[PDB]
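One structure is given here, and the rest of the page talks about it.
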RNA sequence: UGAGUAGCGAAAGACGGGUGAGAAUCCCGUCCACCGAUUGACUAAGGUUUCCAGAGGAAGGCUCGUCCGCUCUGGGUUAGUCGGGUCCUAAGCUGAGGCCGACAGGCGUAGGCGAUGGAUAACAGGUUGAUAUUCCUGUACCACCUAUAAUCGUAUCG
RNA sequence: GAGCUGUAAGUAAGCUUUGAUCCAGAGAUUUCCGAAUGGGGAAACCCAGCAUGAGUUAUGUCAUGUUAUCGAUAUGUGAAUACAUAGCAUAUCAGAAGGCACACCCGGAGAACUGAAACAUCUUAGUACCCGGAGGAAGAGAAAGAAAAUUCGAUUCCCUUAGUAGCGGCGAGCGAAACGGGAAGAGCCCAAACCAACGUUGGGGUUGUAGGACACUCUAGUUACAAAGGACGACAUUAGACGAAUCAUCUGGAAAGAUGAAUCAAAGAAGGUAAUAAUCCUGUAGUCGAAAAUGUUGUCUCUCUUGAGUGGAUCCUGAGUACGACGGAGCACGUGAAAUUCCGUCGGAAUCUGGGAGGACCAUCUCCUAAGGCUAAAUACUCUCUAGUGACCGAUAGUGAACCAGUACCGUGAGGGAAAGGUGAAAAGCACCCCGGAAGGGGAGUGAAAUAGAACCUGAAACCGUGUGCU
């Protein structure tokens, strides 16, 4: 599936609780963005999270 | 008990030709038509061929 | 090589059309091009044509142990010169 | 251990006390045949043409644990051991040290 | 037990002569009757030795049985051309690299697989208890290989 | 150490004291299908490319090598972008795959019937099923800990604490930990400051009773972590060899029983033998024995390798990390006053006068140094191998299966599934005669017994019959 290239960001699973505390499964996806980064060979578009994009990164 | 590979490797391949083709093959024809008695002669030639091939592969 | 397995002697194809044709038994992985050359190497003859057929396994011992008989491959050769491929 | 060709004496059975030579041995089921004991009556070959003549009698096999070896010097039923004095394992009596 | 009770599954048979311990039921002969755009003759699927000969009558056959698609012991399927492969492709299936997706996996390009279709050289007779465009006779055709000639050579193969 | 060619008897032809058949070790051979891997496919089949070779005047046909995909590291590596990262080409490497014990162990994903005498929070339950990766064990593990005594000093497992504290439509129900008593018990390597070399190799250096860099004189291999290759003796496993001691008389078909006298014992476990055996036969106690292969354990060799006090004028000690708000999950603990640990989104620190914890939070006072990585033992389980045990079953029982069973059989299929042990000590399995076409009987024989005759030990009831005493 879709997973972060720099770090190991991936989706998780929890519950969706209403006011009556009714349980329903759901997912929590990561903010994956498609950017073209430098590679030792040809630059490739890879799924990168917005957390790894901050603090300065080559594009 | 009776081993027939005391010879060298040159005459060895000549024995596997004589034992199988001219001897083992002829005994199977005489058994089909109903002409061969002494049926224990077949099992004897079958082992003489196997003993020759064992020593050949063993010499490598 | 020892392609031929056994000769067949029956009412048909033996004592009837046997002076010019001969019925043999071979292994089940051989074609008539090898059967033709193998006969000429053992009996020093010349073969005209070879016909080969197959047989399916046949049941046996109807009762306690119900098994199957082995399959066979029958060949029939015809000579132009020479004879006495059997005795 | 009883081989073929000894002189044993029967200890138990309908023909006990008699002595005979062991002519045959069946070591699979441990049966021996002694010449003179266990005669059976056999109606042989009803359909087969021997040509048949009536009833024939031979010896029947007896259990090996009923016959015992004899001693060369005293002629009594004795057990056996192994002295190993020779290169080959010899068999000796129990009442004496002589060979059996 | 019901009880020696229901039933014995569409329909024309008669007689003479044989076989044999035993015959309305098996064999041979004659007469009579039924079907005949079919109860006849070839074939695909499917079944898988039920096919043929000499023996057998315990069980099976809705009766009988000397008979059998049953039992026992030996036998019987022959192809360069007929159908399928070494030829071509429909639907559909599968798919290197790829796209997608918690996993398992899903989809899909090039390329393959796949006839119920397209292409492709053989027809008359004889013969056995069981096979025939297959075996044997008579006259043919087709792809390829080698050895000799007309004639070469800008021929010739794409 | 004398017979033997399985179940399984027959009829045949042969092998063996010149050492057969057999029982253990190490080798050779090992068709086809199957991850199946040259292509294809309805598994056990079909059709091919290259390299020599066998056969032919020649084509056809055979034999033995070799040719999947992905990954990794070398070399030709000359694209749309001129120079160059993609595509392609071939050559290398016990590289990967697919199975089994549906037992045990980690992780991803994740029900319902049921209980609450209805039912939604809750419970059943992080259970069943499915998926991935393992191992002989796994996981955990060297204090940013437990505590409050003048303290203890890695983790795991077993008793107790305790049905206590606590949680909970405070309903049903769920449910700890520390202390103490035991089994077992070694702890070490990296980042950085720094020092010679070309973001890189090597040295250096690993902590809280504060450690290192820097400064001043100076002095044991633990190959199971701790760096990792090899020749290196004693047991042990896999075939076996010896091994004490009884004779007679009655009943019987047969003695091991009964009645008499005797004898062994580090041996009176057990089974067989015509009936119930310490002394008849395999054995038992106790001693001995290994070519060859595999184990477990050592003594040397080989490979690594200088130990500690004093030292803060100046440097180093793990960053989008710790932590916060928001939405969930997990800790016995249901968001509650919820501390202590995780995931997604977005903000976002400090640098020994530092930082964290002690159940909101602040102050003081104690204990400890997060954000890198390894680690044996006590623990769980059994498709198996070997040696044994039972107040466990004895053929409707015990495994579905004592039997040629996951087999007859039944379903398109996934799948479901039975019935059937016993002659006798020994075949010694009824020669011959009589009726009959056979089958089956009547005698004669075999045997201790044939109403023990292979539909074969004993042979109950239902039920079907043949005679007769009363009515």
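Protein chains in written order, with the deposited numbering: chain J, 2 to 60; chain K, 2 to 61; chain F, 4 to 90; chain G, 2 to 101. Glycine is no exception: its CB is placed at the ideal position from the N, C-alpha and C atoms.
Own chain partners of residue i with C-beta closer than 7 Å, once the 5 adjacent residues on each side are dropped
{"i": "residue 31/F", "result": "74, 76"}
{"i": "residue 37/G", "result": "19, 21"}
{"i": "residue 15/J", "result": "27, 29"}
Backbone CA spacing between residue i and residue j [nearest angstrom]
{"i": "residue 94/G", "j": "residue 101/G", "result": "6 Å"}
{"i": "residue 69/F", "j": "residue 59/F", "result": "16 Å"}
{"i": "residue 81/F", "j": "residue 16/K", "result": "33 Å"}
{"i": "residue 34/K", "j": "residue 88/F", "result": "13 Å"}
{"i": "residue 24/G", "j": "residue 83/G", "result": "24 Å"}
{"i": "residue 20/F", "j": "residue 56/F", "result": "17 Å"}
{"i": "residue 20/K", "j": "residue 4/K", "result": "14 Å"}
{"i": "residue 28/F", "j": "residue 49/F", "result": "19 Å"}
{"i": "residue 54/F", "j": "residue 26/G", "result": "58 Å"}
{"i": "residue 30/J", "j": "residue 37/J", "result": "21 Å"}
{"i": "residue 45/K", "j": "residue 11/F", "result": "25 Å"}
{"i": "residue 7/F", "j": "residue 71/F", "result": "23 Å"}
{"i": "residue 18/F", "j": "residue 25/F", "result": "10 Å"}
{"i": "residue 15/G", "j": "residue 44/G", "result": "22 Å"}
{"i": "residue 40/K", "j": "residue 27/K", "result": "12 Å"}
{"i": "residue 46/G", "j": "residue 53/G", "result": "7 Å"}
{"i": "residue 86/F", "j": "residue 31/G", "result": "60 Å"}
{"i": "residue 56/J", "j": "residue 27/J", "result": "31 Å"}
{"i": "residue 47/K", "j": "residue 78/G", "result": "50 Å"}
{"i": "residue 23/F", "j": "residue 28/G", "result": "59 Å"}
{"i": "residue 39/J", "j": "residue 19/J", "result": "45 Å"}
Close-in-space but distant-in-sequence residues of the same chain around residue i (CB under 6 Å, 5 per side omitted)
{"i": "residue 141/F", "result": "Outside the shown range of chain F, which is 4 to 90, sits residue 141/F, and nothing can be said about it."}
{"i": "residue 42/G", "result": "56, 58"}
{"i": "residue 11/J", "result": "4"}
{"i": "residue 17/G", "result": "11"}
CA nearest to the CA of residue i, picked from the options
{"i": "residue 59/G", "options": "35/G, 75/G, 87/G, 46/G", "result": "35/G"}
{"i": "residue 8/J", "options": "59/J, 52/J, 56/J, 57/J", "result": "52/J"}
{"i": "residue 8/G", "options": "20/G, 88/G, 50/G, 27/G", "result": "20/G"}
{"i": "residue 41/J", "options": "13/J, 54/J, 59/J", "result": "59/J"}
{"i": "residue 97/G", "options": "90/G, 72/G, 39/G, 88/G", "result": "72/G"}
{"i": "residue 74/G", "options": "29/G, 67/G, 99/G", "result": "99/G"}
{"i": "residue 23/K", "options": "6/K, 8/K, 2/K, 50/K", "result": "50/K"}
{"i": "residue 4/G", "options": "89/G, 65/G, 61/G", "result": "65/G"}
Any non-hydrogen atom of the ligand ADP closer than 8 Å to residue i Cβ
{"i": "residue 56/F", "result": "Looking at this structure, you won't find the ligand ADP or any other ligand, since it has none at all."}
Spatial neighbours of residue i in its chain, beta-carbon cut-off 8 Å, leaving aside the 5 residues before and after
{"i": "residue 81/G", "result": "2, 70, 92, 93, 94, 95, 101"}
{"i": "residue 48/J", "result": "3, 4, 5, 6, 33, 34, 35"}
{"i": "residue 64/J", "result": "The first residue shown for chain J is 2 and the last is 60, placing residue 64/J beyond what the model contains."}
{"i": "residue 43/K", "result": "25, 28, 29, 32"}
{"i": "residue 62/F", "result": "69, 70, 71, 72"}
{"i": "residue 37/K", "result": "28, 31"}
{"i": "residue 16/F", "result": "24, 26, 79"}
Residue interval of the alpha helix (DSSP H) (run including residue i)
{"i": "residue 49/K", "result": "42-60"}
{"i": "residue 17/K", "result": "13-20"}
{"i": "residue 72/F", "result": "Note, residue 72/F: premise wrong, no alpha helix (DSSP H); not H, not E."}
{"i": "residue 45/G", "result": "Unbroken run through residue 45/G: none, as it is neither H nor E."}
Range covered by the beta strand (DSSP E) that runs through residue i
{"i": "residue 32/G", "result": "32-35"}
{"i": "residue 52/F", "result": "49-58"}
{"i": "residue 76/G", "result": "Segment: none, residue 76/G is in no beta strand (DSSP E) and carries neither H nor E."}
{"i": "residue 59/G", "result": "57-60"}
Neighbour-count burial assignment, residue i, 16 or more Cβ in a 10 Å radius
{"i": "residue 86/G", "result": "exposed"}
{"i": "residue 50/J", "result": "buried"}
{"i": "residue 10/G", "result": "buried"}
{"i": "residue 50/G", "result": "exposed"}
{"i": "residue 78/F", "result": "buried"}
{"i": "residue 63/G", "result": "buried"}
{"i": "residue 9/K", "result": "exposed"}
{"i": "residue 13/G", "result": "exposed"}
{"i": "residue 22/J", "result": "exposed"}
{"i": "residue 41/F", "result": "buried"}
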